[PDB]
Amino acid sequence: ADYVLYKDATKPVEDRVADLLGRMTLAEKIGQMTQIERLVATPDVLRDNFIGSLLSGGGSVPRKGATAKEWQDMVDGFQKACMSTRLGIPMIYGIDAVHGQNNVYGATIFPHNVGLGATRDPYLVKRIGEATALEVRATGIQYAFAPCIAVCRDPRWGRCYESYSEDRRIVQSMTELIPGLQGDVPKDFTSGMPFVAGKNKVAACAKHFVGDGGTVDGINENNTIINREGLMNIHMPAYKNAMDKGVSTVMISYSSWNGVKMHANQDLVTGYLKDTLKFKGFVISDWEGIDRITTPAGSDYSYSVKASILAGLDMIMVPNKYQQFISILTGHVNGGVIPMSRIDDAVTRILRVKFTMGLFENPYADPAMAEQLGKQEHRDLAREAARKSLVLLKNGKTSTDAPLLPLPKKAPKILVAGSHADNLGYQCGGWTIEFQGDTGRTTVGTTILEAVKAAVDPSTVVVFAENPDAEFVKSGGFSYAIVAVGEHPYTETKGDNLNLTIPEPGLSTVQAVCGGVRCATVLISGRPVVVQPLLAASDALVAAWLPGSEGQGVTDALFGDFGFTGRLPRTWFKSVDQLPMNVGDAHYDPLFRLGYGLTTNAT
Ligand SMILES: CO[C@@H]1O[C@H](CS[C@@H]2O[C@H](CO)[C@@H](O)[C@H](O)[C@H]2O)[C@@H](O)[C@H](O)[C@H]1O
């Protein structure tokens, strides 16, 4: 009697979309296109403005240390308000689960993407997507702003660690994250259609469209200076692979392509992504990305709304001034500046994703999934990934020396040292707990020092000293040392760095240690950094990138349980004066070329 077709789970998605769209008011439509921060959301706001989506931006959590159930109860509280609207359209909640569900205390933290590139193991990355989707659903969240498919062309960019590689082919291969997060697409699948398998999967997001990895001087907020040919040949291809794998959403770059702001680029967003690649999911802005269309940012927000929505963006990550956004867009539609056809297209795409993914059938969190958070199988996977990511750059000072690695687990006394040997937050890097990461024991994990203590024979005495002097080392009766140093956590706008040298004490500790005893240096970094001096001092040196919460991945290789297999996914420069300098360039003079990596055999 009271049958409503969009509420019928047995109906085809396109019929449900069209049935719902035909019923919606303009307020209901513009609400769907609006994404807000949890920080500004209340039940009344969500209901009264018919809100379509929420997010947690970096560090946006219900409280420090919050359990999986606390996150579920948060998300469900917001959902209950959404489901209480006239039409009962469930919100989608988005988060940056970019190396695990990394805002959440106790989530497994996987290596960052640059290290995943070093594994050259797309099936490993798919399995990471799988595990990540489980840990995201453990917290009640249904959408991950991942993968970042940037092709970072200059390691001075502060997000270079979010790129699998400077080589688009490796980036393309690691789009296997998508069917991990979302599920494998049907055999009959049409490229560009969105797909999510159901309540144990999440919607994914290929980001940031397009050429975010190309930006002049590394910088971003900035211009990506190259022609159609290098756009199409370097920066774009992985977006086609993402279409073929049913990526549900695409996020637009803050960047510009040849002086045109991506958030205002109709030719690329509508002409290419939608009309040429036949993308049928939704296009989301970046954080205040429409604001940044103008200079200064936010100085003509009316223009920002007109320009972005006419360019083809579907959902706007406001994320705070939702009343201004909705008011302005409403005015634009009432005035005929934005046609109803454009609103209807945006809403069609958002609804298409929501229906496809089963969000109308399972709008609420599954309490039984809470135990997927930080689950030990997932940590075992992260430990495998971390080990596979390690690139061995040196293993002996001369070709006649005994190879230092693998180290024996049985020795009378060994030294573990360095700023990075017992600091979980430094080993995770940015996008861990906080936006910019943090120092010290910020989540559940195993530092390098703890990993060493867990690996060695019970007779081996392990001494830790963060920054020992040369005399301490020479007097200590050590068999060897493991010294871990490197970069502090960062994101784009502390991490855009011109000198790329590691902070002190880092080199000075390696010199003091290695001057006294043979030493294996573990370099923790988001990118290649100035390395000759560290190499000169070290018997062995490993580029461990940002390996995440499972430090036993490092020791699994140091102690020979597995052989080193990682290969550089980026060029290692001799000097920052050379940059940009990528594989295949004409003037190509690397310290280590892309693909370089020494090996060991398991003992
Ligand atoms: C600096 O202010 C903080 O910015 C971060 C990153 S900006 C933008 O954020 C999106 C949603 O988190 C990410 O998917 C995207 O990759 C980033 O470019 C933001 O997360 C914080 O919320 C904001 O305080």
# chains A, B, ... in the order shown; residues from 1 in each chain; ligands from 1

$ residues_near_ligand --ligand "ligand 1" --cutoff "7 Å" --atoms "only C-alpha atoms and all ligand atoms" --output "PyMOL selection string"
chain A and resi 56-60+95-96+145+286-287+435

$ residues_around --residues "residue 412 (chain A)" --least-positions-apart "6" --cutoff "10 Å" --atoms "only C-alpha atoms" --output "PyMOL selection string"
chain A and resi 457-462+477-479

$ closest_residue --among "A:265, A:172, A:103, A:511" --to "residue 430 (chain A)" --atoms "only C-alpha atoms"
A:103

$ select_by_dssp --residues "region 35-271 of chain A" --states "alpha helix (DSSP H)" --output "PyMOL selection string"
chain A and resi 43-48+68-83+113-119+122-138+168-173+177-182+228-230+237-244+266

$ select_by_dssp --residues "region 20-198 of chain A" --states "strand (DSSP E or B)" --output "list in words"
residues 34, 35, 36, 37, 53, 54, 55, 56, 92, 93, 94, 95, 143, 144 and 148 of chain A

$ closest_residue --among "A:367, A:503, A:140, A:129" --to "residue 104 (chain A)" --atoms "only C-alpha atoms"
A:140

$ residues_around --residues "residue 522 (chain A)" --least-positions-apart "4" --cutoff "8 Å" --atoms "only C-alpha atoms" --output "compact mmCIF listing (two decimals) with N, CA, C and O atoms, in the first residue's frame"
# COMPACT_ATOMS: atom_id res chain seq x y z
N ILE A 482 72.47 -1.54 15.74
CA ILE A 482 71.37 -1.16 14.82
C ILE A 482 71.01 0.28 15.17
O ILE A 482 70.71 0.60 16.32
N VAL A 483 71.17 1.21 14.24
CA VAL A 483 70.96 2.62 14.52
C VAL A 483 69.87 3.10 13.54
O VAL A 483 70.04 3.00 12.33
N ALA A 484 68.81 3.70 14.10
CA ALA A 484 67.66 4.13 13.28
C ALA A 484 67.51 5.64 13.44
O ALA A 484 67.46 6.19 14.55
N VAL A 485 67.51 6.33 12.30
CA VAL A 485 67.40 7.77 12.28
C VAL A 485 66.57 8.14 11.05
O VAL A 485 66.24 7.27 10.25
N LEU A 541 73.14 -0.19 5.18
CA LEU A 541 72.11 0.79 5.27
C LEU A 541 70.88 0.34 4.55
O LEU A 541 70.94 -0.10 3.42
N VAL A 542 69.73 0.51 5.21
CA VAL A 542 68.43 0.14 4.73
C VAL A 542 67.53 1.38 4.67
O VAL A 542 67.40 2.09 5.69
N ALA A 543 66.89 1.60 3.53
CA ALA A 543 65.80 2.57 3.37
C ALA A 543 64.51 1.86 3.76
O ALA A 543 64.06 0.92 3.04
N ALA A 544 64.04 2.18 4.97
CA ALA A 544 62.83 1.58 5.49
C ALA A 544 61.53 2.39 5.26
O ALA A 544 60.43 1.92 5.64

$ residues_around --residues "residue 325 (chain A)" --least-positions-apart "2" --cutoff "10 Å" --atoms "only C-alpha atoms" --output "JSON list (two decimals) with N, CA and C atoms, in the first residue's frame"
[["chain", "number", "residue", "atom", "x", "y", "z"],
["A", 30, "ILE", "N", 20.51, 19.85, -2.86],
["A", 30, "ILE", "CA", 21.75, 20.55, -2.54],
["A", 30, "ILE", "C", 22.32, 19.97, -1.24],
["A", 31, "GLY", "N", 21.45, 19.49, -0.35],
["A", 31, "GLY", "CA", 21.96, 18.83, 0.87],
["A", 31, "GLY", "C", 22.80, 17.61, 0.51],
["A", 34, "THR", "N", 26.39, 18.26, -0.20],
["A", 34, "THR", "CA", 27.11, 18.95, 0.84],
["A", 34, "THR", "C", 27.72, 17.95, 1.83],
["A", 301, "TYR", "N", 33.30, 33.59, -2.68],
["A", 301, "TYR", "CA", 32.83, 32.20, -2.48],
["A", 301, "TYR", "C", 31.69, 31.95, -3.40],
["A", 302, "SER", "N", 30.94, 32.99, -3.75],
["A", 302, "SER", "CA", 29.93, 32.85, -4.78],
["A", 302, "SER", "C", 30.48, 32.38, -6.09],
["A", 304, "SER", "N", 33.39, 30.79, -6.39],
["A", 304, "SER", "CA", 33.92, 29.42, -6.09],
["A", 304, "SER", "C", 32.81, 28.37, -6.30],
["A", 305, "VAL", "N", 31.60, 28.61, -5.80],
["A", 305, "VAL", "CA", 30.44, 27.65, -5.96],
["A", 305, "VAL", "C", 30.05, 27.54, -7.43],
["A", 316, "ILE", "N", 30.73, 18.74, -2.43],
["A", 316, "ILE", "CA", 31.65, 19.69, -1.96],
["A", 316, "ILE", "C", 31.97, 19.39, -0.48],
["A", 318, "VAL", "N", 32.98, 20.94, 2.26],
["A", 318, "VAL", "CA", 32.83, 22.39, 2.55],
["A", 318, "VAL", "C", 34.03, 22.95, 3.31],
["A", 319, "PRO", "N", 34.37, 22.38, 4.48],
["A", 319, "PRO", "CA", 33.61, 21.42, 5.25],
["A", 319, "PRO", "C", 32.92, 22.04, 6.43],
["A", 320, "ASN", "N", 33.10, 23.35, 6.63],
["A", 320, "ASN", "CA", 32.62, 23.96, 7.84],
["A", 320, "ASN", "C", 31.49, 24.90, 7.66],
["A", 321, "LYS", "N", 31.66, 25.80, 6.69],
["A", 321, "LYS", "CA", 30.62, 26.85, 6.44],
["A", 321, "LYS", "C", 29.53, 26.38, 5.53],
["A", 322, "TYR", "N", 28.79, 25.36, 5.99],
["A", 322, "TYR", "CA", 27.79, 24.72, 5.23],
["A", 322, "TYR", "C", 26.59, 25.69, 4.92],
["A", 323, "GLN", "N", 26.29, 26.57, 5.83],
["A", 323, "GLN", "CA", 25.13, 27.46, 5.65],
["A", 323, "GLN", "C", 25.40, 28.39, 4.45],
["A", 327, "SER", "N", 23.24, 28.20, 0.92],
["A", 327, "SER", "CA", 22.59, 29.46, 0.59],
["A", 327, "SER", "C", 23.02, 29.95, -0.77],
["A", 328, "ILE", "N", 24.32, 29.99, -0.99],
["A", 328, "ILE", "CA", 24.88, 30.43, -2.27],
["A", 328, "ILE", "C", 24.46, 29.54, -3.44],
["A", 329, "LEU", "N", 24.53, 28.23, -3.29],
["A", 329, "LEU", "CA", 24.16, 27.35, -4.35],
["A", 329, "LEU", "C", 22.67, 27.43, -4.67],
["A", 330, "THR", "N", 21.87, 27.52, -3.61],
["A", 330, "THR", "CA", 20.45, 27.66, -3.73],
["A", 330, "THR", "C", 20.16, 28.96, -4.61],
["A", 331, "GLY", "N", 20.80, 30.05, -4.25],
["A", 331, "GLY", "CA", 20.64, 31.36, -4.96],
["A", 331, "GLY", "C", 21.01, 31.17, -6.43]]

$ residues_around --residues "residue 463 (chain A)" --least-positions-apart "6" --cutoff "8 Å" --atoms "only C-alpha atoms" --output "list in words"
residues 413, 414, 415 and 416 of chain A

$ residues_around --residues "residue 533 (chain A)" --least-positions-apart "5" --cutoff "12 Å" --atoms "only C-alpha atoms" --output "list in words"
residues 501, 502, 506, 507, 508, 509, 510, 511, 514, 521, 538, 541 and 574 of chain A

$ write_last_selection --atoms "N, CA and C atoms" --output "CSV table (one decimal), in the first residue's frame"
chain,number,residue,atom,x,y,z
A,501,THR,N,67.6,17.1,4.0
A,501,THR,CA,68.6,16.5,4.8
A,501,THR,C,67.9,16.1,6.1
A,502,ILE,N,68.4,15.0,6.7
A,502,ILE,CA,67.7,14.6,7.9
A,502,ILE,C,68.1,15.5,9.1
A,506,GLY,N,71.3,12.9,13.9
A,506,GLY,CA,70.9,11.7,13.1
A,506,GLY,C,72.2,11.2,12.6
A,507,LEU,N,72.8,12.0,11.7
A,507,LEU,CA,74.1,11.7,11.1
A,507,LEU,C,75.1,11.6,12.2
A,508,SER,N,75.1,12.6,13.2
A,508,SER,CA,76.1,12.5,14.2
A,508,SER,C,76.1,11.2,15.1
A,509,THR,N,74.8,10.7,15.4
A,509,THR,CA,74.7,9.4,16.0
A,509,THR,C,75.2,8.2,15.2
A,510,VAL,N,74.9,8.2,13.9
A,510,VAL,CA,75.3,7.1,13.1
A,510,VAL,C,76.9,7.2,13.1
A,511,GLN,N,77.5,8.4,12.9
A,511,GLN,CA,78.9,8.4,13.0
A,511,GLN,C,79.6,8.0,14.2
A,514,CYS,N,78.8,3.9,14.4
A,514,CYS,CA,79.5,3.2,13.4
A,514,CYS,C,81.1,3.3,13.5
A,521,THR,N,72.4,0.7,9.6
A,521,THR,CA,71.6,2.0,9.8
A,521,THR,C,70.3,1.7,9.1
A,538,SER,N,78.3,4.0,7.4
A,538,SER,CA,77.6,2.7,7.7
A,538,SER,C,78.2,1.5,7.1
A,541,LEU,N,73.1,-0.2,5.2
A,541,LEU,CA,72.1,0.8,5.3
A,541,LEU,C,70.9,0.3,4.5
A,574,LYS,N,71.7,12.4,-6.3
A,574,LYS,CA,73.0,12.7,-5.7
A,574,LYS,C,72.9,14.0,-4.9

$ closest_residue --among "A:117, A:198, A:403, A:551" --to "residue 356 (chain A)" --atoms "only C-alpha atoms"
A:198

$ residues_around --residues "region 368-370 of chain A" --least-positions-apart "4" --cutoff "10 Å" --atoms "only C-alpha atoms" --output "PDB file with N, CA and C atoms, in the first residue's frame"
ATOM      1  N   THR A  67      37.538   4.124  21.391  1.00  0.00           N
ATOM      2  CA  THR A  67      37.412   2.717  20.969  1.00  0.00           C
ATOM      3  C   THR A  67      36.676   2.650  19.647  1.00  0.00           C
ATOM      4  N   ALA A  68      36.702   1.449  19.038  1.00  0.00           N
ATOM      5  CA  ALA A  68      35.949   1.208  17.829  1.00  0.00           C
ATOM      6  C   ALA A  68      34.439   1.476  18.089  1.00  0.00           C
ATOM      7  N   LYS A  69      33.960   1.037  19.236  1.00  0.00           N
ATOM      8  CA  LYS A  69      32.556   1.254  19.532  1.00  0.00           C
ATOM      9  C   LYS A  69      32.176   2.722  19.676  1.00  0.00           C
ATOM     10  N   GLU A  70      33.053   3.530  20.219  1.00  0.00           N
ATOM     11  CA  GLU A  70      32.840   4.982  20.330  1.00  0.00           C
ATOM     12  C   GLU A  70      32.712   5.583  18.956  1.00  0.00           C
ATOM     13  N   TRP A  71      33.563   5.146  18.001  1.00  0.00           N
ATOM     14  CA  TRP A  71      33.430   5.660  16.648  1.00  0.00           C
ATOM     15  C   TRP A  71      32.117   5.194  16.038  1.00  0.00           C
ATOM     16  N   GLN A  72      31.754   3.921  16.204  1.00  0.00           N
ATOM     17  CA  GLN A  72      30.446   3.415  15.723  1.00  0.00           C
ATOM     18  C   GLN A  72      29.294   4.233  16.266  1.00  0.00           C
ATOM     19  N   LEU A 134      38.027  -3.462   6.323  1.00  0.00           N
ATOM     20  CA  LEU A 134      37.547  -4.089   7.581  1.00  0.00           C
ATOM     21  C   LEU A 134      37.740  -3.187   8.790  1.00  0.00           C
ATOM     22  N   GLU A 135      38.930  -2.560   8.915  1.00  0.00           N
ATOM     23  CA  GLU A 135      39.203  -1.703  10.040  1.00  0.00           C
ATOM     24  C   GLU A 135      38.465  -0.401   9.971  1.00  0.00           C
ATOM     25  N   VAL A 136      38.204   0.068   8.765  1.00  0.00           N
ATOM     26  CA  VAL A 136      37.336   1.238   8.575  1.00  0.00           C
ATOM     27  C   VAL A 136      35.870   0.911   9.001  1.00  0.00           C
ATOM     28  N   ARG A 137      35.351  -0.216   8.530  1.00  0.00           N
ATOM     29  CA  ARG A 137      33.983  -0.639   8.924  1.00  0.00           C
ATOM     30  C   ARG A 137      33.883  -0.975  10.441  1.00  0.00           C
ATOM     31  N   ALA A 138      34.998  -1.367  11.067  1.00  0.00           N
ATOM     32  CA  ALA A 138      35.064  -1.591  12.495  1.00  0.00           C
ATOM     33  C   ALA A 138      34.639  -0.342  13.258  1.00  0.00           C
ATOM     34  N   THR A 139      34.902   0.809  12.643  1.00  0.00           N
ATOM     35  CA  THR A 139      34.588   2.116  13.225  1.00  0.00           C
ATOM     36  C   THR A 139      33.312   2.718  12.679  1.00  0.00           C
ATOM     37  N   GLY A 140      32.595   1.967  11.878  1.00  0.00           N
ATOM     38  CA  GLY A 140      31.307   2.416  11.392  1.00  0.00           C
ATOM     39  C   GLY A 140      31.359   3.251  10.150  1.00  0.00           C
ATOM     40  N   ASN A 200      30.891  -5.062   4.326  1.00  0.00           N
ATOM     41  CA  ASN A 200      32.252  -5.346   4.735  1.00  0.00           C
ATOM     42  C   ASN A 200      33.310  -4.672   3.860  1.00  0.00           C
ATOM     43  N   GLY A 374      42.686  -3.252  14.568  1.00  0.00           N
ATOM     44  CA  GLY A 374      43.954  -3.708  15.026  1.00  0.00           C
ATOM     45  C   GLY A 374      44.094  -5.218  15.118  1.00  0.00           C
ATOM     46  N   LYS A 375      43.275  -5.956  14.374  1.00  0.00           N
ATOM     47  CA  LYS A 375      43.288  -7.406  14.455  1.00  0.00           C
ATOM     48  C   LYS A 375      44.646  -8.025  14.093  1.00  0.00           C
TER      49      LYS A 375
END

$ closest_residue --among "A:492, A:188, A:217, A:550" --to "residue 245 (chain A)" --atoms "only C-alpha atoms"
A:188

$ closest_residue --among "A:66, A:583, A:444, A:540" --to "residue 394 (chain A)" --atoms "only C-alpha atoms"
A:540

$ atom_distance --atom1 "CA of residue 49 (chain A)" --atom2 "CA of residue 315 (chain A)"
14.4 Å

$ closest_residue --among "A:215, A:276, A:255, A:248" --to "residue 349 (chain A)" --atoms "only C-alpha atoms"
A:248
